[PDB]
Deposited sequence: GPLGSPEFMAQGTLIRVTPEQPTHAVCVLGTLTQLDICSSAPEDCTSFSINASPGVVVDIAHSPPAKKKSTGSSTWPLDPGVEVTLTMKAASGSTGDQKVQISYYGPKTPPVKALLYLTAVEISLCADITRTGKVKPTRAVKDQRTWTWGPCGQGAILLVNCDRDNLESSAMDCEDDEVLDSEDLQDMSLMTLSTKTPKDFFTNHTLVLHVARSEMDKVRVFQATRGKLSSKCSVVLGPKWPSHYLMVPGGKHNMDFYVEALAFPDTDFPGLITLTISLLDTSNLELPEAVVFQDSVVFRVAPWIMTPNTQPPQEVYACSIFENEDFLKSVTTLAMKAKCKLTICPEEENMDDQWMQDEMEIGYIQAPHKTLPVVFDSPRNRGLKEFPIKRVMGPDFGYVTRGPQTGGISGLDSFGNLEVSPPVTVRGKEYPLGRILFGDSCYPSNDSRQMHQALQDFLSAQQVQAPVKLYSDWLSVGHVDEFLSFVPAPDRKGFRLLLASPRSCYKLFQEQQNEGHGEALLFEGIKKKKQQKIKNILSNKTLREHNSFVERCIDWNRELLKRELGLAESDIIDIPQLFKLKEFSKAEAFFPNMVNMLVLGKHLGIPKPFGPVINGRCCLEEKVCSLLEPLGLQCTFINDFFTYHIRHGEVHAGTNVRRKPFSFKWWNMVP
């Protein structure tokens, strides 16, 4: 924002100076004389009698806006040994032109910088539906239909201070690059659109004197492969004094916004609302989660069969995250392209007033089981070899290498999660599982000590240890699947002696162990952060793994209240020894384990308590923009 004014003794120069910019003088170019002096009016400060040498720097600064055009003046008097002083005149008009936004991230350089010492305003994607009896997200049209909609938007203000006749001969234009105009929309308040997808520039109607003009800005797209997340809005001051010449830019200024990313919440963030769509065949399951929700002080919402279309897997069609700006935080549903019976639920029931909506991927096919959000989780806050991840790290399951028979989460999804930047995704190995979800082998639960959590992992090892121990104590005859009328009981001794079952579970152990070490490296975990949950598996179709008995790690974590699938283990001394083992592991952390009968309703259809439910949790207090990804 430098300006070099050429002064000439042939004729007076006229020029505008925007306060806060650098104005310098070319005194030599058109000089007559050896020396020069400068005299200015009191409102102009000259930094710099001197010789007429090109390298002499003369800079002008004005203290305040002009009351009238040319109301400040500079007189450069050129003189020499035998030469009467020759004067050149410069008439100046000072103005204030400041485009302001919440760049300190509280309440209202042109670079956006991350961290607690950084600078740059935040913009939210206007992806919720505050409008009354409507179907569209607020950002899809070009009007503000509700006053509360403005709460989601970012305030930008143009303060000007000029002479009363200034815009007779100057005009301000507000603009956005054509490459960015599809991702933002800006409204002028008195609300109507001035900038947006169809309109990259607008002539502002601005009166002279002191004026303040308010704009509200909404983002229309999340960061993604094609969009780093920055929007720049610019004000240009144009000289329109000459009716026979094009307009001339005399000043530009900008504000850069960053669009807020979609952020997930781990199991360690306090729960606010529990979801089930357990209106289908069975009500006792639904009774148990309802009791847990009540216990954990959560709102409860349930999706009935008429809307379910017999799709009970509430975990899988969606993930409830949030977006956060200094002025506004709101939950936002990421809708999976899974699109099974629950397809309409996120659209029709979850998005709404102060509940946003995002989706990715192809919506009519081209998808896989790894696109179900049982395969989408996040770790608690972690620090990894000095690098801090204060919002945790997204975890999703993959194959170990791409083959003709391997599955992955769709690239569009993977690409969206990475572009949010703030929970740096980690690919885990889940494709050994029939269903294929990371929620089939891991969970996180709060803990009052160490890093504030434990990683729980399914463990065949722990279960064989448990069963061998019982057998060693004379309980070899004890029956797995006691309590189940429509099932073949199996004795501890027969389970242990089964060599194929053992081989299968060794292969599974290896798969989970691979993930263990991977989580250890990528989350900075030590063994002491990890608890193994006794769990047997069996290989079936395509040698893919399924739970031998109810997969206890596929649990609903509602703070210290846990909803754990009931394994129906061998009953020794009046109690299922699996439940007893799990309790011995988790109760010491102050966790309360509730065992829920999901056997014929969920287990038998390839999922458990976690798979049949979902949870909205409290957003992190840590502000994402304060991270340095």
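Residues 1-10, 43-44, 61-74, 135-143, 226-232 of the deposited sequence have no C-alpha coordinates in the model.
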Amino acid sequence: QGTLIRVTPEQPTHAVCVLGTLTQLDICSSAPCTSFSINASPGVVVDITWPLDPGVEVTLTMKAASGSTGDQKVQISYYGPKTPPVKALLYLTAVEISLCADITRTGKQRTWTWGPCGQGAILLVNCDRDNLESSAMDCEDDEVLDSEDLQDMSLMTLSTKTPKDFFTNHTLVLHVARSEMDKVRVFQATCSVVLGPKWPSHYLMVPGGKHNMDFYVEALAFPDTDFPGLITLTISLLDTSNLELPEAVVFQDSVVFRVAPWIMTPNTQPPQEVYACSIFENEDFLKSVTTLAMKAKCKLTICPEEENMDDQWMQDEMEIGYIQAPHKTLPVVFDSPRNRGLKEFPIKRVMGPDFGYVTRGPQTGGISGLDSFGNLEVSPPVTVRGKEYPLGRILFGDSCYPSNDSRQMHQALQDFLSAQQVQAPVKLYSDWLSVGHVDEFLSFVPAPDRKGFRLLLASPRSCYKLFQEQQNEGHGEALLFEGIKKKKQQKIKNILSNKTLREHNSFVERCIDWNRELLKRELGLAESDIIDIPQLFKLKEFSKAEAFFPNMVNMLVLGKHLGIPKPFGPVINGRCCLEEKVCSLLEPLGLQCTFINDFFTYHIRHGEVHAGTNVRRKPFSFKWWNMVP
From here on, numbers count along this sequence of modelled residues.
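As listed in the deposited structure, the average C-alpha B-factor of 83-91 and of 434-442 is greater for 83-91. The stretch 10-18 shows the higher mean C-alpha B-factor when 10-18 is compared against 607-615 in the entry.
Comparing the listed residues 191, 428, 318, 378, the entry records the largest Cα B-factor for 191. Among the modelled residues of its chain, residue 491 has a C-alpha B-factor that falls in the highest third, as given in the PDB entry. In this PDB entry, residue 106 carries a Cα temperature factor that places it within the highest third of its chain's modelled residues. Sort the chain's modelled residues by C-alpha temperature factor and residue 404 lands in the middle third, per the entry. In the PDB entry, residue 29 places in the highest third of its chain by CA B-factor. Annotation for residue 514: CA B-factor lies in the lowest third of the chain's modelled residues.
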